[PDB]
Every structure is written in structure tokens, then in C-alpha cells.
Amino acid sequence: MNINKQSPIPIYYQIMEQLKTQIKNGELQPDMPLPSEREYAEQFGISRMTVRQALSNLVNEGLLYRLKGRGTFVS
Amino acid sequence: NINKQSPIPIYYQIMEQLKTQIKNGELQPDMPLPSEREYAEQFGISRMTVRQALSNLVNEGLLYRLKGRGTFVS
Amino acid sequence: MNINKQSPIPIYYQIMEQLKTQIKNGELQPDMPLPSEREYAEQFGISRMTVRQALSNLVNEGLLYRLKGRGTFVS
Amino acid sequence: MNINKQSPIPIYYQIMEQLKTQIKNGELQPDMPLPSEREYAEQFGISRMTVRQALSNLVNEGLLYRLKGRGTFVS
DNA sequence: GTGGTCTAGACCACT
DNA sequence: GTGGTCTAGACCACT
Ligand SMILES: [Cl-]
Ligand SMILES: [Cl-]
């Protein structure tokens, strides 16, 4: 994955779309954990809350779920 | 109004306070809420802490936002 | 720092010129943050949009740069 | 600062004692922040909850105070 | 002059 | 060692 920080397109939305592709692809397996929020933040070089905005929307769209204390998973 | 020392998250306390204000007609359909910045100053908390409460109420359909203008009771 | 709201000279331009003065003599030190867009707007009693036009112009002239989520700095 | 995971002495207590030493000889001074709970946990290879037990005890004894979103500080 | 996005971290709750 | 909540602001999009 790669985000473009100088795009008017919000970083969180860029992340959303790329994750959506991997979900519909099987590149991210169902009931298997995504990389942690801190892993994503580190690799994208962005704030964890920016990552979280994306993940929270995908959770709200029913594409992911969270298990507190454990991780974030493909629905 | 809120208790910042409670284990109960601030944003949730705000949610319930607002829910309470919507029922007893202290807040009625289409009237505007104080700005996010007003709330944060009123409570001595961060604006994002206010936003978590308001976004949850928006997502629950109890409030709606007009981009660039304000937040209102549904 | 003063702005004249009844001058035919656009507010954003008045701001640009006073900021250039402060940059030139060092009242705004290089690589140090300016007052927030917020601070300028509230002090002058104007729109943030108007402040941004001034600031964006200076960014385009290479006098200032912006770092998202942190501030506006003198190059 | 060192811990021994194989000692019968609880890790959180080992941490408490060394922090008390560091405070007494001035390595940690009043109103200055400690390393983050994360920093301690990662460097010793332990859970944050273990670090938190040490820190919570020192807060309870009045030697440290915490500010949400900011840090942990010597009282 | 509001809501939207973002920074660069912190401590808290919890199999 | 994760997700959850929070700080204390900033600039960006926009009737
Ligand atoms: Cl602001
Ligand atoms: Cl952390």
C-alpha cells in the first residue's frame, strides 16, 4: 500500500479504498487480523488516529470488526 | 455537567447529557447546538473529545451536521 | 499589526505586506511558527478564508511553508 | 535500569524500586516526564499492564502524577 | 467561523 | 501489545 500525502484526497479515505480492494480480493483473509493500527501508522508515516478514521469507517460499513485488547479483523 | 475523573469516558458522558436534553425539549428538532469549539472550551476538554460524542449521535441519527455551518438536532 | 476594513486595498493583501515586513526584519523568525490562522482571523475580526488567501500567497512565493497538523513556518 | 524476569521478585516491584532510586538521586526530577509506559514495556519486553502496576503504585504513594494524553511526571 | 482532517504523541482497558 | 480514549493544538474545505 502507498498513500499520497499531497493529494487533496484525505489520507484516511485513500487507506479505506486500498483496504477495500484487499478485502474484496482475499489479500486480507476473513477472521484473520489486520496489521495493528500502530503498524499501519508506522508504515504510512502518519498519525494513528488517521489510520483509525479509516478503520472505524470500515467497521461501520461492516467490512471489519474489532476485538478489544486483541485486534482488527476482516468480517 | 461532566466528571473528567470518572472511569466513564468523557465523550459518553456528553452523549448521555445531550440525549437527556433532547428528550425534555431543552433541545428540539432543527435548533443549533453550540459549536464544537464552544463545547470544548465549556468543558475544558479537547475538541476531538467533543467530536467523538457528536459523531456518535450523528451516526445514531439524533443529530445532523451541515458542513461549514453547524450541528443541529434531528 | 493593523488592518483597514474600508480600504479598497484587499484585506488579504494588507496582511501579506505586513507579514513580509515582519519576515524581513525577523519579528517572524525563520523556521518558527506564525500565529495560527485562527489567531489572525480572531484578532482582525475576519474570515479564516481571508487569512488563508494571504498565507497561501506567501507559501506560493516561497516565503512560508506549511506542515499539516502543526503550523505555518517561515522558510 | 535493569530487571530480572526470572527472579521471584515481581517485575512491577523491581521497576518501582529502581524508579525510586532514580528519583532519589535526581535522575528523574519534579514535573519532568518519565519515559512512556510504552518505552518501559518495549525495552524490557513486558506487557504495558506490568509497567502500569508499578506506575500506579508510585502514583498512589504520591511520588508520581499522571496527566491524561500528556505523560507521567515526578510529583 | 463552522465542521473536516491531521499531528505526535500520551495513558487506559483488557484474555 | 492490542484497540480505546485523550491531549492541545494546527491547517483545510466551505455558502
Ligand atoms: Cl482551530
Ligand atoms: Cl502507544
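Convention: sequence-line order gives letters A, B, ...; per-chain numbering from 1. Any value given below was found using the heavy atoms of this structure, including those in side chains, with hydrogens, waters and symmetry copies removed.
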How would you label the contact of [X] with the nucleic acid (heavy atoms, under 4.0 Å): base, sugar-phosphate, or nothing?
X        : result
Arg66(A) : sugar-phosphate
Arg38(C) : sugar-phosphate
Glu37(D) : base
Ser47(C) : base

Check your understanding: DNA chain F: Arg52(A) or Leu55(C), which has the more 5' nearest nucleotide?
Key ->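 Counting from the 5' end, the first nearest nucleotide belongs to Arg52(A).
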Report the nucleotide, chosen from [options], that has the shortest atom-to-atom distance to any side-chain atom of [X].
X        : options                  : answer
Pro7(B)  : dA13(F), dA13(E), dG3(F) : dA13(E)
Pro10(A) : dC11(E), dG3(E), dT5(E)  : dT5(E)
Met49(D) : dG1(F), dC6(E), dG3(F)   : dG1(F)
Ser36(C) : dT7(F), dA10(F), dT2(F)  : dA10(F)
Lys68(D) : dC12(E), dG4(F), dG3(E)  : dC12(E)

Practice item. Begin with the C-alpha distance, continue with both residues' side-chain angles, and end with the deciding distance and a verdict on side chain to side chain donor-acceptor pair (under 3.5 Å) for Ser36(C) and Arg38(C). Key: CA-CA 5 Å; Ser36(C) 67; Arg38(C) 165 195 55 93; 3.0 Å; yes
How many whole angstroms separate atom [atom1] of [X] from atom [atom2] of [N]?
X        : N       : atom1 : atom2 : answer
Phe73(D) : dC11(E) : CZ    : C1'   : 11 Å
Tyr11(B) : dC12(E) : OH    : P     : 17 Å
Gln53(C) : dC11(F) : CD    : P     : 17 Å
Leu33(B) : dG3(E)  : CG    : P     : 9 Å
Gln6(A)  : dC12(F) : CD    : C1'   : 15 Å
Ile8(B)  : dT5(F)  : CD1   : P     : 13 Å
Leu66(B) : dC14(F) : CG    : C1'   : 12 Å
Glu42(A) : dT2(F)  : CD    : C1'   : 17 Å

So which atom in [X] and which in [Y] form the shortest heavy-atom distance, rounded to 0.1 Å?
X        : Y        : result
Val74(A) : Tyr65(A) : O-CE2, 3.5 Å
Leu55(A) : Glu37(A) : CD1-CG, 3.6 Å
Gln53(A) : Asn57(A) : O-ND2, 3.0 Å

Point to revise | 5' priority, DNA chain E, between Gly69(A) and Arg48(A) [closest heavy atom] | key: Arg48(A)
Check your understanding: Would one find more than 12 heavy atoms of other residues, nucleotides or ligands at under 6.0 Å from atom OH of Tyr13(C)?
Key -> no
Point to revise | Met31(B) atom CE, over 12 foreign heavy atoms within 6.0 Å | key: yes
Review point. Reading DNA chain F 5' to 3', what string of ( ), [ ], | and . shows its pairs, if Watson-Crick and G-U wobble pairs count only when both distances fall under 3.5 Å?
Key: ||||||||||||||.
Exercise for review: Please lay out, stage by stage, how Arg52(C) and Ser47(C) fare under the test side chain to side chain donor-acceptor pair (under 3.5 Å).
Suggested key: CA-CA 9 Å; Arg52(C) 179 171 147 87; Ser47(C) 180; over 6 Å; no
Review point. Are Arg70(C) and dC6(E) close enough that a side-chain N or O sits under 4.0 Å from OP1 or OP2?
Key: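 Checking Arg70(C) against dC6(E): no side-chain N or O falls below 4.0 Å of OP1 or OP2.
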Practice item. Ignoring backbone atoms, test whether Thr50(A) places a side-chain nitrogen or oxygen under 4.0 Å from the OP1 or OP2 oxygen of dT7(E). Key: yes
Practice item. State, without any angle test, whether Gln22(C) and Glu27(C) hold a side-chain donor-acceptor pair at a distance under 3.5 Å. Key: no
